[PDB]
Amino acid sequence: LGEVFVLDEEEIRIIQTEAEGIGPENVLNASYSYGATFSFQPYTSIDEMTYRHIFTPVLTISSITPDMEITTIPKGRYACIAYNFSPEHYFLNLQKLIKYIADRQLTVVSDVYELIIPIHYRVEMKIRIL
């Protein structure tokens, strides 16, 4: 609970649209469940991190347009890590992840998965590994 674990998760159907380049930073500033994903880069700066796809999970056939893609989070082995949301935690949690990966010398096979759940906020990043 605030550390990384490794488990065999289920698939999770979800629907997405693109990120337009908006970044995590972009979302923590200005005055106006889902998730989003990004490249598993050896990061340094939220100024550097920039989202790739933004998503919401399904709860529902039919429903969409072509600007959206019905898809899912592959079943598989995910190095995972959970944390109550805060900002000094956000980046500092990503770090533990990338660290753990480089330490275990594991090989990654997907983008990073950011999952926020308004615990009215809970958060988790899972990456897919072998």
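Note that residue numbering follows the sequence shown and begins at 1.
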Please count the deposited residues lying between residue 60 and residue 61 that the model leaves without coordinates, and give the class: none, 1 to 3, 4 to 9, or 10 or more. 1 to 3
Indicate whether the chain is continuous between residue 120 and residue 121 or, if not, how many deposited residues are absent from the coordinates: none, 1 to 3, 4 to 9, or 10 or more. 4 to 9
Please work out which of 99-107 and 38-46 has the higher mean CA B-factor as recorded in the PDB entry. 38-46
49-57 versus 70-78: which one carries the higher mean Cα B factor per the record? 49-57
What third of the chain, by the recorded C-alpha B-factor, contains residue 20? highest
Would the CA B-factor of residue 125 place it in the lowest, middle or highest third of its chain? lowest
